[PDB]
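A short worksheet on the structure shown next.
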Amino acid sequence: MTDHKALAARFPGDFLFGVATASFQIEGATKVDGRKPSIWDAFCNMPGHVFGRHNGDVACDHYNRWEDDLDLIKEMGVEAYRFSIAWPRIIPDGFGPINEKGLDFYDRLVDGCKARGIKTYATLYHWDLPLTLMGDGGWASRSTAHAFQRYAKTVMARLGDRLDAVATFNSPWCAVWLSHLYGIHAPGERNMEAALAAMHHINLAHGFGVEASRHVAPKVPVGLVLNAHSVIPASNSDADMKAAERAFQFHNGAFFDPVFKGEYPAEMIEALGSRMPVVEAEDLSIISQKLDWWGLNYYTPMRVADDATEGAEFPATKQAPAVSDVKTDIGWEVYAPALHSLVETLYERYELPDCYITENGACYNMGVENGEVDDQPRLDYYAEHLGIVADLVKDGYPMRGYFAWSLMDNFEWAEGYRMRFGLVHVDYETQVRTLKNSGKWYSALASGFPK
Amino acid sequence: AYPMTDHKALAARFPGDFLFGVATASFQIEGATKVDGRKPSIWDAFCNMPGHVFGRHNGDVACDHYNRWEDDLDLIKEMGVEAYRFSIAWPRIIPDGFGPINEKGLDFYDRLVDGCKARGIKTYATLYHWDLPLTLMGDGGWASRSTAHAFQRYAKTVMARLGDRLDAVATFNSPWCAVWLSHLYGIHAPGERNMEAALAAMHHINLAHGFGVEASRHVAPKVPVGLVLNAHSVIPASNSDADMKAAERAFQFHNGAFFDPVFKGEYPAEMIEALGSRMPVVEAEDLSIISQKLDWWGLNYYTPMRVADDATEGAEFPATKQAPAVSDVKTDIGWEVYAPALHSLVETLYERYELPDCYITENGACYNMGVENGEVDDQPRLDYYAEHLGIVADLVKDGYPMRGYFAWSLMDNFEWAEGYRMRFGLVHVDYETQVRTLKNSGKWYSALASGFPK
Ligand SMILES: O=C(O)c1ccccc1O[C@@H]1O[C@@H](CO)[C@H](O)[C@H](O)[C@H]1O
Ligand SMILES: O=C(O)c1ccccc1O[C@@H]1O[C@@H](CO)[C@H](O)[C@H](O)[C@H]1O
């Protein structure tokens with residue numbers, strides 16, 4: 001289980017261990033140095049969308065504290081840091097003039113990492129769309145993909161000489177369905193037409209980003225970060241099994257199929273295709289450019305059952321109950337085997353590049369007692385899932401690295417600051433960072449690498 | 001006694017100094033949404049996001065009034081109509097809501113008002129007709145008290161430039177729409193459905209109105225200040241004690257939310273009992289600022305709001321449901337035509353509230369006929385005007401201070417969630433050619449209005 005020296009023995013000597021973070025979740029300084037609002041600033045500040053109307057004005061104050069945070073990462077002995085770049089700082093209206101002050105912040109951040117021997121994994125888009133782009137229709141408008149194309153080039157032109165890796169998007173599933181169909185994330189739409197348009201334009205923007213990054217910075221390996229869902233049927237009935245496949249096509253295939261097969265899932269196209277935006281002739285060629293790596297985000301299985309309610313929109317599924325009785329403080333089922341079956345399914349179904357676990361972590365809300373944080377269930381979560389990752393390596397899968405999700409407690413989207421995911425406790429009143437016991441344990445594991 | 005046109009008989013019923021006008025709104029007619037420093041409004045975003053507006057129609061082109069304004073003023077002049085009521089685009093004047101003033105934006109309305117003065121057309125400006133700068137959504141939009149101060153500063157900036165020539169100014173057009181329809185019902189931008197959001201919008205728009213009144217008089221004390229409201233004509237389904245109570249709750253929520261703070265310096269009591277706990281912070285000076293004396297007010301009327309008690313358990317205040325229509329006549333947008341509801345509404349308001357002079361700022365009808373042989377035969381629109389103008393003349397006879405009337409829609413235009421499909425104009429616009437064609441209703445209105453001032 002939790003014996004780190006024994007766990008470490010199961011990984012190759014060149015395995016990459018990392019910690020990860022996202023711009024709006026930690027940075028604060030929302031109106032500083034030319035930054036303009038993102039769709040999340042708007043979402044937060046409109047009553048109804050976010051717990052307690054919590055916003056990102058301060059968060060972890062990382063914009064000002066970035067040096068201490070980097071020193072913390074070095075002191076933990078962690079080889080890699082994955083962060084996202086705030087489009088609203090770089091090109092504040094989305095289109096329009098470049099904010100060189102904005103590029104400067106990430107320019108210094110990357111330099112600080114280089115000096116400290118910390119490998120840099122940058123994500124171009126982790127949900128903070130500049131608000132002004134909503135004027136054109138946001139992700140529902142194709143022009144937004146070209147705004148992204150230009151943004152991608154702008155960032156890589158400045159950073160591409162030092163970045164160890166880059167990912168275009170993190171979790172299209174959230175930016176697409178959760179944001180435009182379910183109304184849970186910004187901009188909070190609930191419309192199938194809007195969502196399908198967002199779907200294609202995000203896929204297209206990804207393809208634009210790959211291309212742009214390679215024209216300016218060909219040495220930098222390009223990736224895409226996806227929260228692929230481990231879809232588990234409620235039963236072995238034909239009904240529930242056919243449900244599981246429809247769910248897979250809609251929740252995963254909507255992104256994996258275009259990127260890795262250069263097509264949309266056919267059954268999904270039959271049901272939803274007529275409400276999709278224009279797909280120009282070169283679109284799927286651009287979307288399906290070969291990647292150097294991909295990032296898997298995993299937390300919990302997606303248990304589905306057939307939903308035979310009349311007129312139900314594709315995929316016509318409903319939530320099946322948790323088999324495990326272990327749950328995190330946000331209520332997510334803990335079931336590590338669903339990570340093994342997921343990776344197994346994906347590598348059978350698609351031609352994938354090397355894989356990095358880019359997010360895996362757990363919500364537990366204990367704070368500081370006697371200068372320490374006893375977050376044993378988080379420690380246990382990492383041990384179990386890292387064990388699975390080690391199994392996958394054994395089984396022959398190209399698992400090259402693992403990023404622990406959440407360097408520190410932060411703004412957790414619709415949950416506000418109530419749900420803590422970090423390895424490092426952050427006291428929001430004092431901004432004091434406190435390494436948790438899970439973090440001390442992860443640091444012990446990671447410190448031994450590379451061997 | 002010999003035959004007389006209806007417009008001449010009608011004209012005899014109005015006092016010699018009655019004011020006749022036509023009216024428009026900036027986003028509905030201007031187009032040119034990305035020139036001369038304009039940044040997007042919440043309606044640009046609403047239009048372009050699939051699901052909110054018919055056909056995803058937007059305001060990019062509209063009637064191209066930004067470029068054809070002189071021709072449109074000439075049309076007004078030729079119609080012999082005394083007054084022009086228009087709105088000013090905040091996204092043109094202060095593109096980010098807060099931030100640098102866009103002089104180019106101000107220049108447009110500066111030249112427009114000069115063109116009206118040069119033509120002898122009286123100018124009635126509306127400062128806000130729903131086109132909030134998109135950037136203000138970053139702070140929460142109308143749900144944030146700061147937005148009220150952003151409006152305040154915008155109002156001041158506008159009036160400092162135009163105040164020497166404007167005949168009247170209204171701060172807002174239809175709070176009901178910007179508040180409930182936009183933040184509770186989800187039908188208008190920004191399309192929220194949240195009571196907490198709506199109550200914040202409610203108070204901050206009431207507050208912004210008061211700020212605007214003070215700002216306008218500070219820098220242009222000569223200009224008469226008003227507020228334009230779509231007061232709903234609430235008609236109970238019956239005189240049962242239960243429907244009667246429903247009608248009063250409906251009145252408090254749909255009208256009193258705005259009339260009580262503005263004209264009585266307080267919110268309706270039963271509404272507070274049900275909703276007060278979810279309202280934003282009301283500071284010490286708020287209601288005295290909101291309730292400043294006005295020089296006039298504008299009534300928007302189209303159709304009645306017929307209500308019955310809604311016994312649905314747990315129903316949110318005011319807990320009413322739609323009651324059946326009495327007339328079977330409807331416009332092409334589906335609204336009951338029922339002119340006497342205008343009479344009972346003005347009666348009700350003048351007995352409940354201490355109100356200044358009244359101008360009918362919007363009255364009109366959706367009918368969609370186009371051009372045939374150079375003409376638009378829109379007799380049902382003409383009949384709507386003649387009948388409602390008869391009600392207005394009746395209200396004058398009955399002792400109410402009705403000082404003027406603006407026919408709503410000078411021209412066919414962008415109709416919000418309906419897009420360009422619903423035509424409200426006295427002037428037809430062919431959206432392919434941008435050709436204006438004065439309709440038969442418009443020629444009739446022109447013949448009436450030209451006689452004034454007598
Ligand atoms: O945000 C969600 O609701 C979500 C749900 C399922 C799978 C992934 C999700 O997003 C990741 O989880 C977040 C936890 O709140 C993290 O903060 C990450 O930022 C994010 O990438
Ligand atoms: O949109 C409504 O449901 C509404 C209802 C009652 C009173 C006014 C209303 O909006 C006004 O009517 C518009 C017609 O589409 C006009 O074009 C005006 O611009 C607007 O002020």
Side-chain angles (χ1 to χ4, degrees), chain B residues 5-11 14 19-25 28-31 57 61-65 68-86 119 121 300-303 329-335 337 339 360-392 404-416 418-452:
Chain B
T5 66
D6 53 8
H7 71 259
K8 172 185 175 111
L10 187 54
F14 286 97
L19 178 93
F20 280 106
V22 288
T24 62
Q28 297 189 261
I29 64 167
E30 284 174 14
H57 292 179
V61 175
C63 306
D64 196 29
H65 177 80
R68 312 164 99 102
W69 64 273
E70 275 165 305
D71 286 300
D72 288 339
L73 293 199
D74 287 338
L75 180 48
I76 300 177
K77 172 69 173 185
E78 295 157 9
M79 287 173 66
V81 164
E82 192 182 356
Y84 177 42
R85 194 193 143 225
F86 62 96
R119 286 160 181 81
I121 297 163
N300 291 0
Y301 172 83
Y302 295 91
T303 192
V329 182
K330 278 168 198 313
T331 62
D332 285 347
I333 199 167
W335 302 346
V337 178
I360 302 287
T361 36
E362 293 184 23
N363 177 242
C366 181
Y367 286 107
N368 296 335
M369 53 285 293
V371 186
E372 299 162 54
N373 297 322
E375 308 252 5
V376 178
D377 292 317
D378 61 340
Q379 188 72 35
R381 178 176 286 103
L382 195 166
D383 294 342
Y384 184 100
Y385 282 118
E387 189 177 6
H388 285 78
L389 280 162
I391 295 304
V392 178
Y405 180 94
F406 291 81
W408 188 274
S409 108
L410 166 61
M411 64 190 164
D412 299 333
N413 55 39
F414 175 79
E415 294 294 341
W416 309 112
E418 300 292 344
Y420 297 93
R421 181 151 105 276
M422 298 296 163
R423 297 179 177 268
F424 275 88
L426 284 173
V427 172
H428 180 279
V429 181
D430 182 306
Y431 295 114
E432 176 173 356
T433 61
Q434 293 293 345
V435 168
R436 280 72 161 129
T437 303
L438 186 69
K439 310 184 193 175
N440 288 7
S441 66
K443 295 172 169 179
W444 183 91
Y445 189 65
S446 175
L448 173 64
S450 290
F452 293 79

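So that the names make sense, note that chain A is the first sequence line, chain B the second, and so on, each numbered from 1.
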B:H7 NE2 to B:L382 CG distance, which is reported to the nearest 0.5 Å: 10.0 Å
4.5 Å side-chain heavy-atom contact, B:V371 and B:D430: no
field: Short side-chain donor-acceptor distance under 3.5 Å, B:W444 and B:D6
entry: yes
message: On a heavy-atom basis, which atom in B:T361 and which in B:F406 lie closest, and how many Å separate them?
response: O-CB, 3.5 Å
task: Tell me, please, which residues at least two apart from B:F452 pass ring-ring contact (aromatic ring centres under 6.0 Å, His included).
output: B:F20
field: Closest approach of B:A339 to B:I391 (non-hydrogen atoms, all atoms of both residues)
entry: O-CG1, 3.6 Å
message: Could you walk me through whether B:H57 and B:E415 satisfy the side chain to side chain contact (heavy atoms under 4.5 Å, CB included) test, starting with their C-alpha distance in whole Å, then the side-chain angles of each, then the deciding distance to 0.1 Å, before giving a yes or no?
response: CA-CA 10 Å; B:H57 292 179; B:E415 294 294 341; over 6 Å; no
message: Keeping B:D378 on the side-chain end and B:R381 on the backbone end, is there a donor-acceptor pair under 3.5 Å?
response: no
Results of side chain to side chain contact (heavy atoms under 4.5 Å, CB included) for B:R436 - residues two or more places apart only: B:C63, B:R68, B:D72, B:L75, B:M411, B:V427, B:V429, B:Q434
statement: Between B:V22 and B:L426 the two heavy atoms that sit nearest each other are CG1-CD1, 4.1 Å
- prompt: Considering all heavy atoms of both residues, which atom of B:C366 and which atom of B:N368 are nearest to each other, and what is their separation?
  reply: SG-OD1, 3.4 Å
field: Separation between CG of B:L410 and CG of B:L438, rounded to the nearest 0.5 Å
entry: 9.0 Å
message: Rounded at 0.5 Å granularity, tell me how far OH in B:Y367 sits from NZ in B:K439.
response: 12.0 Å
- prompt: Okay, side chain of B:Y431, backbone of B:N413: is any donor-acceptor separation there less than 3.5 Å?
  reply: yes
message: Taking ring-ring contact (aromatic ring centres under 6.0 Å, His included) as the definition, give me every residue that meets it alongside B:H388, ordered by chain and number, with sequence neighbours left out.
response: B:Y301, B:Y384
field: B:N363 CG to B:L389 CG distance, which is reported to the nearest 0.5 Å
entry: 7.0 Å
- prompt: Hey, is the main chain of B:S446 close enough, under 3.5 Å, to the side chain of B:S450 for a donor-acceptor pair?
  reply: yes
query: Could you walk me through whether B:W69 and B:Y84 pass the ring-ring contact (aromatic ring centres under 6.0 Å, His included) check?
result: CA-CA 12 Å; B:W69 64 273; B:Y84 177 42; over 10 Å; no
statement: Across all chains, not counting sequence neighbours, the ring-ring contact (aromatic ring centres under 6.0 Å, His included) partners of B:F414 are B:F27, B:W416, B:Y420
query: For the residue pair B:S441 and B:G425, what are the closest heavy atoms and their distance?
result: OG-O, 4.5 Å
- prompt: Where is the tightest heavy-atom contact between B:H428 and B:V376, given as atom of each residue plus distance?
  reply: CB-CG2, 3.8 Å
- request: Could you list the residues that satisfy side-chain hydrogen bond (donor to acceptor under 3.5 Å, both in side chains) with B:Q379, not counting sequence neighbours?
  value: B:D383
query: Once you round to the nearest 0.5 Å, how far does CE of B:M369 lie from CG of B:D332?
result: 6.0 Å
- request: Please identify each residue that fulfils salt bridge (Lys or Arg N to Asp or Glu O under 4.0 Å) with B:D74, with sequence neighbours left out.
  value: B:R119
query: Going from CG on B:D412 to CD1 on B:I29, what distance comes out if it is rounded to the nearest 0.5 angstrom?
result: 12.0 Å
